[PDB]
Amino acid sequence: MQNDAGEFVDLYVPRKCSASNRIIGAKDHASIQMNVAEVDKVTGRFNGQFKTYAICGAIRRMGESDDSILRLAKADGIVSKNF
Amino acid sequence: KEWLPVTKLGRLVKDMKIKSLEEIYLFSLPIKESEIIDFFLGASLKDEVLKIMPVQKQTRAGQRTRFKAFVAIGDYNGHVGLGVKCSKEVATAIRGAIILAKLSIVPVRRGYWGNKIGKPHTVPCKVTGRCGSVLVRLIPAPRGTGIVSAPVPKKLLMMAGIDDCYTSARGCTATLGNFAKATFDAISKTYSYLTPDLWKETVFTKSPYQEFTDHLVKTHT
Amino acid sequence: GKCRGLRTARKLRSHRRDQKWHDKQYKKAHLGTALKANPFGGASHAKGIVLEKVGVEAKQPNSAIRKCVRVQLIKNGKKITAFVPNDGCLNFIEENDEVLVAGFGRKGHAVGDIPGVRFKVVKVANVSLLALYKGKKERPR
Amino acid sequence: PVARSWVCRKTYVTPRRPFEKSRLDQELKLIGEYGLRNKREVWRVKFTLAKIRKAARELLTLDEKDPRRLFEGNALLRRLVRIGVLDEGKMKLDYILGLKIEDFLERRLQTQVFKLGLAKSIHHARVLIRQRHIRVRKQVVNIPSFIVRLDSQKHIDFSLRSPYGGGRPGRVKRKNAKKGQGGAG
RNA sequence: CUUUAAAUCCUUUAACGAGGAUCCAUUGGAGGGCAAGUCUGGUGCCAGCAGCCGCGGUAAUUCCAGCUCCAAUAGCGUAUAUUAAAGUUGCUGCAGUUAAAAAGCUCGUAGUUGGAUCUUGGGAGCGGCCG
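Residues numbered from 1 in each chain as written, not as in the entry; some residues may be left out. Chains lettered and ligands numbered in written order. Part of a larger assembly, values for the part shown. Heavy atoms only, no water.

- The deposited coordinates for this entry were obtained by cryo-EM, with a reported resolution of 4.3 Å.

The following block contains the structure:
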């Protein structure tokens, strides 16, 4: 959070949901930080860096999490266009 | 007298590898081991007991009464907590309530009123909390007005570090435990509110599991 | 509200008047029969004369005989049952004496454990009962 | 038809809760620290601070670049500077709300006489105000409820009709000397 | 001395005027609300206390008296109208299945409320598309 001195007086910044554009609470223990590896650009290996996502609890309560992961991997560059 | 951790969280915070509990709040890690707060929060933490309510069963051979303890915990510049424990012995009730109040600790953030000068002192927006029929409202106030409420959210907001509030209670307020839980739920929804401040799409840092799995693969089995 | 249009006001005034008339305390405060049935008639205190001193029983959970003074008013002339407040102060009030009768505090209603008696006595023979209790003055013979 | 004023106001106010621990203990701590006679004085100072805070809030609820708001804010800032409670480093309308009751009670004449080294105790300072011993700018003050302004702080000294700062000795010294001279002669 | 049509009101000033200041600070309370004793004697459902719950039946943290105690303290307590508390009159801002509360149903004159659409865009120029 801003100030007239140009300093961040807020103690920490919570993360954001990648499927609902919401704020993850500290007591919300249903939030998922999925890690997805990428394949090597040459033949088949793992390059080393990590590609991660996030999701909130209420989506997983309702159920539409698999579609969210599918569109995130499709627009990110993992799933092919035809699918 | 020496704490031995059970889960990996206690081992990671005991082996001086986890810096603070701020990233524990950031990654929403489930806290279930009691003295993580004792390792992280120092001597600024204090405690006070709200009310003791006796509840009775009914049996063919008389009635059995057990204590129900309500407690409010938190350092005066930082976080809060709450704990409800029921036991036959009053000392075990207070001890279990203290342990549960150290367990359920939430982070809070503070805003300004109009002018963005100095340190924050009040709630950023109009938040609320409900349980049963109790409806507790929080309205931001100008600096130096002081918190205007009943005595128990007064002491809760003085251990919350927030100096200025306006309240509006509804329903049966005479149940002190439900009223305390309602204002705790009101103060717990401070971070669950989207603002134009937090419109930035945040970046992802390394998870404590992802960076300490090389340690916990050989620390304990 | 329910009538919530831009050009409706008189319906809201009539409904507010009717629903305020359906209240109980405002009906007690704005009708002449409640002030007429009250023996004081809007007076905080009223003087009267003593014709008989008869005690009355208590309620169920306690058993005592708290003695009361029946006082006929002067401004109206009706038989009103008062109640002596303190202990050992009944003997100060005798027959055909001048007393000052005031209520007890519950807006003109029965109070505590005394049935049908609503008012109390503050002065007798132009001297207060507290002075006779504390020994600050004497009864004028 | 008479030529009378009938302009009176209540300076002290009473809180709603009569018996609570924190307010009574804090008011008693202020009374013991600053030598107040009763809680009416600290209630009066709290009411004046509340009126100043209400004026500040009624000025912050107006927008900028307005002549009335700027004039009232500037005049309030000059008054709060001239009563000596604030410093010239932070002279803005938003700092009016960040004032304490000890800031107002520090500018009292009793605490000023106690802090200038001309009095030993706080109660002794209150007595010395009430005993008509000192003066400011050749004018004696017998009242402890005085707000000392900033430009008149170095003009505080004992009165010329006082035996402490130079004057006629009091009644006790002449009585003791007369008794000793009568006993000797 | 001054003031006033002369005094009495205030200010000023000679002379007296305190050491247990006796030159006496009182008023309600002490179970809870509500700050304040498991102190001591008396009657022990009688006398009484208590705005409400309640306290009195032979060991009363409440009755009647002594000390201590707590609140404002030259002030404190009681009665009676009134306001905030009352989101229990709800326009802001109530409730209508079960706590009080949707007419047996429908038509219908007053009253309240009522679908979309009719003029966009530009340049000179203060400048690194636009205030």
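Back to the write-up after that little detour.
## Examining the sheet that holds strand 2 (residues 65-73) of chain B
All names here are of chain B.
Move 1: Read from one edge to the other, the open sheet built from four strands follows the order 1-2-3-4, with strand pairing classed as antiparallel. Taken across any chain shown, the strands that pair with only one partner, and hence form the sheet edges, are strand 1 (47-56) and strand 4 (105-106).
Move 2: Pairing between strand 1 and strand 2: nine bridges, direction antiparallel. Counterpart to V49 in the pairing with strand 2 is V71.
Move 3: The strands touched by helix 6 (residues 176-188) within the sheet are strand 1, strand 2, strand 3 (80-87) and strand 4, with strand 3 carrying the most contacts at an inclination of about 150°. (Pairing = 2+ DSSP bridges. Helix = DSSP H or I, 4+ residues; strand = E, 2+ residues; numbered from the N terminus. Contact = heavy atoms within 4.5 Å. Axes fitted to C-alpha atoms, helices over the stretch in contact; angles between N-to-C directions.)

## Observations regarding the interface of chain D and chain B
Move 1: Taken together, the contact between chain D and chain B spans six residues of the former and seven residues of the latter.
Move 2: Contact between chain D and chain B buries roughly 580 Å² in total, counting both sides, with carbon and sulfur atoms accounting for 56%.
Move 3: Inspection of the region where chain D meets chain B yields zero salt bridges.
Move 4: At the boundary of chain D with chain B, the tally comes to two residue pairs in polar contact.
Move 5: For the side of chain D that touches chain B, a count of residues per class yields two nonpolar, no polar and four charged. (Buried area = accessible area lost by both parts, 1.4 Å probe. Salt bridge = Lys/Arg side-chain N within 4 Å of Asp/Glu carboxyl O. Polar contact = N/O pair within 3.5 Å; in protein donor to acceptor, adjacent residues only side chain to side chain. Nonpolar A, V, L, I, M, F, W, Y, C, P; charged D, E, K, R; others polar.)

## Quick look at the interface of chain A and chain B
Move 1: Of the residues lining the interface, 28 residues belong to chain A; the matching set on chain B comes to 33 residues.
Move 2: Around 2,700 Å² of area is buried between chain A and chain B when both sides are counted, 59% of it from carbon and sulfur atoms.
Move 3: For the pair chain A and chain B, the number of links is one salt bridge.
Move 4: Note that B:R109 is salt-bridged to A:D10, the shortest N-O span being 3.3 Å.
Move 5: Counting across the interface, chain A meets chain B through seven residue pairs in polar contact.
Move 6: Of the residues belonging to the side of chain A that touches chain B, the class tally is 12 nonpolar, 10 polar and six charged.

## With respect to the nonpolar core
Residues and elements named next belong to chain D.
Move 1: By size, the foremost hydrophobic cluster in this structure holds 23 residues, and its most contacted members are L80, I96, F104 and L105.
Move 2: Among the elements that take part in this core, helix 2 (residues 39-60) stands out by supplying seven residues, more than any other.
Move 3: Once residues within four sequence positions are removed from consideration, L80 is found in contact with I52, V85, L86, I96, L99 and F104. (Core = buried A, V, L, I, M, F, W, Y, C linked by side-chain atoms within 4.5 Å. Buried < 20%, exposed > 50% of the residue type's maximum accessible area, 1.4 Å probe, protein only.)

## Re the packing of helix 1 (residues 21-34) of chain D against helix 2 of chain D
All names here are of chain D.
Move 1: Between helix 1 and helix 2, whose axes approach to 10 Å, the crossing angle comes to 100°. Classified by the angle their axes make, helix 1 and helix 2 are roughly perpendicular. Mapping the contact onto sequence places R23, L24, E27, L28 and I31 in helix 1 and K39, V42, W43 and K46 in helix 2. (Parallel < 35°, antiparallel > 145°, perpendicular 65-115°, else oblique.)

## Observations regarding a nonpolar patch on the surface
Residues and elements named next belong to chain B.
Move 1: Together, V49, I52, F67 and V90 make up a nonpolar patch on the protein surface, roughly 260 Å² of accessible area in all.
Move 2: Structurally, the position occupied by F67 is in strand 2.
Move 3: Its relative accessible area of 32% is what places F67 among the partly exposed residues. (Patch = residues over 30% accessible without salt bridge, like charges linked within 9 Å, V, L, I, M, F, W, Y side chains within 5 Å. Areas by Shrake-Rupley, 256 points an atom, 1.4 Å probe, with all protein chains shown as cover.)

## Details of the state of the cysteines
Move 1: Enumeration according to the criterion identifies zero disulfides over all chains in this entry.
Move 2: A:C56 carries a free sulfur, and the closest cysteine sulfur to it, the one in A:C17, is 4.4 Å from it.
Move 3: Under the relative-accessibility criterion, A:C56 is labelled buried at 6%.
Move 4: Left without a disulfide partner, C:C68 is nearest to the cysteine sulfur of C:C89, which lies 14 Å away.
Move 5: Exposure remark for C:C68: the relative accessible area of 2% places this residue in the buried category. (Disulfide = S-S within 2.5 Å.)

## Some details on the pattern of salt bridges
All names here are of chain D.
Move 1: For the structure on display, the rule yields 17 salt bridges over all chains.
Move 2: In this structure, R135 engages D157 in a salt bridge whose closest nitrogen and oxygen atoms are separated by 2.7 Å. Of the two residues, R135 is situated in strand 1 (residues 134-136) and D157 in strand 2 (residues 156-158); the sequence distance between them amounts to 22 residues.
Move 3: The partly exposed category is assigned to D157, whose relative accessible area is 27%.

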